[PDB]
Structure formats: structure tokens, C-alpha cells
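Here is the structure we will look at, set down as C-alpha cells.
In the deposited numbering, the protein residues as written are 1 to 107.
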């Protein structure tokens, strides 16, 4: 990306992570797992839900094993209908999407 030396590995992790939205409340993390695996190898992922009934908020994130694989998700999954809801997949490293993660309370 920048082409600069980075000592913080969290930067590369953020770059290879994406922010996923428009997730059906009927969808599970296991269903999302499959959706993510269609793109490529995955490190981690989470679906954020309301701490009450358990109903998903429809937002989460996915960490891929490669930054280009994460970009492939942004290419493929972003705008792709998932059980009625067209998924939004952005770069988690983006300030806006990080603030969205803060709103979700993921860190």
C-alpha cells in the first residue's frame, strides 16, 4: 500500500481485514464462514449481535490470510445479495469503518 516500513503488525491485520454489513439477522457466523471461504482463506471473523434477544445487528468483520484476498472480498462480496441483503464489504483499515467497529464495540 504505502510502501513504507511498518513495525506494527496490527496495520497489516487491519489491511487484510474487511468490514461486513447488511447481514441478515437469520444468518449465522457459520453461514458467513462459508460466504467468506468462497473468497479465500480466512484468519478470523465475527458477527455482532444485540446483548438481549441475541438478534444480530447485521454488522461484523472478517480477517483474511492475505490482503489481496480481503480485496477480493471487497470486489466479490460487496454488492452480492446474501439471502435478500446485498452485503457491504469495506476495508477495515479505513477510518470510517474503524469507527463503525467502535460503534459495534469490537475494538
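Here a beta-carbon is modelled for each residue, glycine too, at the ideal position from N, C-alpha and C.
At what residues does the beta strand (DSSP E) containing residue i begin and finish?
{"i": "residue 91", "result": "88-91"}
{"i": "residue 75", "result": "Segment 67-76 is the alpha helix (DSSP H) holding residue 75; no beta strand (DSSP E) there."}
{"i": "residue 44", "result": "42-49"}
Give the C-beta separation of residue i and residue j to the nearest angstrom, bearing in mind that I take them to be a contact with Cβ-Cβ under 8 Å.
{"i": "residue 41", "j": "residue 69", "result": "7 Å"}
{"i": "residue 77", "j": "residue 35", "result": "7 Å"}
{"i": "residue 93", "j": "residue 15", "result": "5 Å"}
{"i": "residue 27", "j": "residue 103", "result": "At roughly 20 Å, the Cβ-Cβ gap does not stay under 8 Å, so residue 27 and residue 103 are not in contact."}
Closest by CA to residue i, which one among the options?
{"i": "residue 91", "options": "52, 56, 66, 8", "result": "66"}
{"i": "residue 44", "options": "54, 51, 19", "result": "19"}
{"i": "residue 79", "options": "21, 1, 48", "result": "21"}
{"i": "residue 56", "options": "64, 63, 46", "result": "46"}
{"i": "residue 81", "options": "32, 2, 9", "result": "32"}
{"i": "residue 85", "options": "58, 106, 107, 95", "result": "58"}
Let me confirm a value: residue i is counted as buried when at least 16 other C-beta atoms fall within 10 Å, else exposed. Which label applies?
{"i": "residue 89", "result": "buried"}
{"i": "residue 17", "result": "buried"}
{"i": "residue 48", "result": "buried"}
{"i": "residue 6", "result": "exposed"}
{"i": "residue 54", "result": "exposed"}
{"i": "residue 60", "result": "buried"}
Give the DSSP bridge partners of residue i, in chain order.
{"i": "residue 19", "result": "61, 90"}
{"i": "residue 56", "result": "49"}
{"i": "residue 85", "result": "82"}
Between which two residues does the alpha helix (DSSP H) holding residue i run?
{"i": "residue 101", "result": "95-104"}
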